[PDB]
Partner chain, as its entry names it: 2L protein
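First, one chain by itself in structure tokens, the form solved without the partner chain.
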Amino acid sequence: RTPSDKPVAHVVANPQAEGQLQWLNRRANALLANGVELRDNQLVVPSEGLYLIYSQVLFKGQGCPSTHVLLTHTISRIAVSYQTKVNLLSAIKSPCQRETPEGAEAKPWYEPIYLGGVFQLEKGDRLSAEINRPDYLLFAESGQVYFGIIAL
């Protein structure tokens, strides 16, 4: 984990919570070292500094129901001074133009979303990566649904 004292975290999702996004620590490379902690599913940040922040979510859907599927992935900082979630990153993705699988019943889409960004954080700040539809989460984990920061 340490060498290089950097707050570092690279945390994997969890292929047990049937539809959810539980972050997991210890898998082959799931760095939670020196300073940063995961506490209620968030990366609590030590030090103070400019953290490079990243995550990827893989949404997986067999077919498309009537009405917009519209997926979303955000990373928000909950500040401990003037608190609350301040929005840092998120991206929107619509994986179906009207098709809506009757005919040749349900054949799959795959939608990766990846976020990356260098932000100034502060000692003790909490970090959230959330999706709006944990039903569409694929399972085959390590490099497929992940989250991380490193201090630069």
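Only the largest set of C-alpha atoms that superpose within 1.5 Å between the two forms is called the rigid core. Residue numbers count along the first chain shown, from 1.
Heads up, the form deposited with the partner chain bound isn't pictured, but that's what we're talking about next.
- Core-aligned CA deviation for residue 92 between this form and the one not shown: less than 2 Å.
- Positional change of residue 118 between this form and the one not shown stays under 2 Å at the C-alpha, relative to the superposed core.
- Core-superposed comparison between this form and the one not shown: CA of residue 50 displaced by less than 2 Å.
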